[PDB]
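To start, the structure under review is shown below, and the notes come after it.
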Amino acid sequence: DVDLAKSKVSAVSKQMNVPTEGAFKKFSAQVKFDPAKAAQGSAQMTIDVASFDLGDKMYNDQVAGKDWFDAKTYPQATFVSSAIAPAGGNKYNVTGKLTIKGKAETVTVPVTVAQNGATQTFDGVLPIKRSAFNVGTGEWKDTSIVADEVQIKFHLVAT
Ligand SMILES: CC(C)=CCC/C(C)=C/CC/C(C)=C/CC/C(C)=C/CC/C(C)=C/CC/C(C)=C/CC/C(C)=C/CC/C(C)=C\COP(=O)(O)OP(=O)(O)O
């Protein structure tokens, strides 16, 4: 499987002179994938949500708090695949369970895969609604302040 230092998971939000992008500095992931048997593959990711870095300590503290991630109550977010559907041209629709702030949803993410030497790379973007996971509640429900749509971007490098 993977390499954190070589890999990146980020989230892009809007409001609306944006992107505002933050990156999770601590996560793990496991991938098992052979394009000759793609549907037999699997992947999981576990993110340490308190490691989310927007490049600003006050923003980082706010987003860790109860109305946002509530990182003390829910320290991790997870994705676990259940199916992989080839989409043609090194693209695969990867379906699985995304759990954020203790709320689970089935999601399908388009992933592009490349191999070069002993390295495999997995790139994709998953749009979600933060409200679906109750991320940014209370006064932060107002989507004229922070948009509901958040794009989760990942670049996973294995071996
Ligand atoms: C074929 C194969 C095997 C492929 C591999 C498959 C594979 C590994 C796929 C991976 C797919 C996925 C889903 C990967 C990600 C996995 C996980 C667990 C993702 C969860 C990440 C996560 C916690 C996402 C939630 C992100 C959210 C909703 C973040 C909130 C966004 C945020 C913090 C916005 C804050 C806005 C900011 C910084 C400031 C606002 O400032 P403000 O005060 O309002 O300014 P003003 O007042 O001026 O307006």
Side-chain angles (χ1 to χ4, degrees), residues 1-2 7-24 27-35 37-65 67-71 74-87 90-115 120-137 139-140 142-158:
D1 69 329
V2 182
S7 295
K8 192 202 197 192
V9 180
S10 67
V12 183
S13 62
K14 285 191 149 99
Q15 47 131 52
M16 133 145 276
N17 10 31
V18 278
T20 303
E21 182 166 14
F24 296 96
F27 59 86
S28 64
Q30 324 185 182
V31 180
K32 314 174 187 175
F33 188 74
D34 179 348
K37 301 246 70 178
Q40 296 178 202
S42 66
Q44 59 177 245
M45 180 177 302
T46 303
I47 294 260
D48 167 350
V49 306
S51 77
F52 194 62
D53 184 15
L54 289 152
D56 182 298
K57 176 174 189 165
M58 290 206 153
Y59 289 170
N60 291 350
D61 289 348
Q62 169 86 236
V63 176
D67 292 336
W68 281 98
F69 293 156
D70 195 0
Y74 298 105
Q76 297 178 334
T78 55
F79 176 77
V80 177
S81 68
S82 63
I84 299 176
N90 302 307
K91 203 168 197 191
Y92 298 88
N93 286 311
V94 180
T95 295
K97 190 186 294 192
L98 178 61
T99 306
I100 300 164
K101 202 173 175 178
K103 296 287 174 57
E105 187 57 86
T106 300
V107 301
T108 296
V109 58
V111 179
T112 302
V113 181
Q115 181 164 8
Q120 263 183 337
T121 65
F122 303 84
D123 285 289
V125 180
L126 177 65
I128 65 163
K129 291 183 161 37
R130 65 187 180 77
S131 60
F133 301 91
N134 219 36
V135 173
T137 61
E139 290 182 349
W140 299 100
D142 190 341
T143 56
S144 77
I145 303 172
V146 176
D148 203 354
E149 185 167 290
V150 174
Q151 296 179 350
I152 301 172
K153 307 204 312 300
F154 53 89
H155 175 80
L156 292 64
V157 180

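Remember, it's 1-based here, ligands and their atoms both numbered in the order they're listed. In what follows, residues are counted from 1 in the order of the sequence shown.
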Chi angles and distances behind the side chain to side chain contact (heavy atoms under 4.5 Å, CB included) call for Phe52, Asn60
CA-CA 7 Å; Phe52 194 62; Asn60 291 350; 5.5 Å; no
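- Residues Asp1 and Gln30 approach most closely at OD2-CA, 3.7 Å, considering heavy atoms.
- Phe24 CZ, 3.7 Å is the protein heavy atom nearest to atom 23 (C) of ligand 1.
- The proximity of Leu98 to ligand 1, defined as any non-hydrogen pair under 4.0 Å, is limited to the side chain.
- Of the N and O atoms on the side chains of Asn93 and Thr108, not one donor lies less than 3.5 Å from an acceptor on the other residue.
- The protein atom (non-hydrogen) at minimum distance from atom 29 (C) of ligand 1 is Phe69 CE2, 3.7 Å.
- Shortest non-hydrogen contact noted between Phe33 and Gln120 is O-NE2, 3.0 Å.
- Heavy atoms only, all atoms of each residue included: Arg130 and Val146 are closest at NH2-O, 2.8 Å.
- Heavy-atom proximity to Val135, at under 4.0 Å, picks out these atoms of ligand 1: 28 (C).
- Counting atoms of ligand 1 from 1 in the listed order, those under 4.0 Å from a heavy atom of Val111 are 4 (C).
- Atoms of ligand 1 found under 4.0 Å from any heavy atom of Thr20 (numbered from 1 in listed order, with element): 38 (C).
- Interface atoms of ligand 1 facing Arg130, defined by a heavy-atom separation under 4.0 Å, are 28 (C).
- Less than 4.0 angstrom separates atom 48 (O) of ligand 1 from none of the non-hydrogen atoms of the protein.
- If you number the atoms of ligand 1 from 1 as listed, the ones under 4.0 Å from a heavy atom of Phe52 come out as 33 (C).
- The shortest contact between atom 16 (C) of ligand 1 and any protein heavy atom is with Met45 SD, 3.4 Å.
- Of all protein heavy atoms, the one closest to atom 13 (C) of ligand 1 is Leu126 CD2, 3.6 Å.
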Might you work through the side chain to side chain contact (heavy atoms under 4.5 Å, CB included) test for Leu54 and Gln62, ending with a clear yes or no?
CA-CA 11 Å; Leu54 289 152; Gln62 169 86 236; over 6 Å; no
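- Proximity to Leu156 (heavy-atom distance under 4.0 Å) selects the following atoms of ligand 1: 8 (C).
- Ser42 and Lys32 share no donor-acceptor pair across their side chains, judged by distance under 3.5 Å alone.
- Across the listed options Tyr59, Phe154, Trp68, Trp68 owns the non-hydrogen atom lying nearest to atom 30 (C) of ligand 1.
- Among protein heavy atoms, atom 31 (C) of ligand 1 sits closest to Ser13 CB, 3.9 Å.
- Within the 4.0 Å heavy-atom cutoff, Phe133 does not count among the residues contacting ligand 1.
- Neither side chain, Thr46 nor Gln76, offers a donor N or O lying under 3.5 Å from an acceptor on the other.
- Shown in contact with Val31 at under 4.0 Å from a heavy atom are these atoms of ligand 1, numbered in order with element: 3 (C).
- With respect to atom 42 (P) of ligand 1, the closest heavy atom belonging to the protein is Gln15 OE1, 3.4 Å.
- Heavy atoms of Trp140 found under 4.0 angstrom from ligand 1 belong exclusively to the side chain.
- Comparing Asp48, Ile152, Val18 by heavy-atom distance to atom 24 (C) of ligand 1, the nearest is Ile152.
- Remark: minimum distance from atom 6 (C) of ligand 1 to any protein heavy atom is reached at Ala43 CB, 3.6 Å.
- Heavy atoms of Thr46 found under 4.0 angstrom from ligand 1: none, in either backbone or side chain.
- Taking every non-hydrogen atom of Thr78 and a distance limit under 4.0 Å, the qualifying atoms of ligand 1 come out as 18 (C).
- Note that CD1 of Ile128 and CD1 of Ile152 are 4.0 Å apart. Values are rounded to the nearest 0.5 Å.
- Annotation: the span from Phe122 atom CZ to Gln115 atom CD amounts to 9.0 Å, rounded to 0.5 Å.
- When all heavy atoms are compared, the tightest approach of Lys8 to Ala23 is CE-CB, 4.4 Å.
- With values rounded to the nearest 0.5 angstrom, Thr99 atom OG1 is found 8.0 Å from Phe133 atom CZ.
- Considering every non-hydrogen atom in both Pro86 and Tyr92, the closest pair reads CA-CD2, 3.6 Å.
- What you find for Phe154 and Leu156 is that their closest heavy atoms are CD1-CD1, 3.3 Å.
- Nearest protein heavy-atom neighbour of atom 4 (C) of ligand 1: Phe122 CD2, 3.5 Å.
- In this structure, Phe27 does not count as a contact residue of ligand 1, since none of its heavy atoms falls inside 4.0 Å of the ligand.
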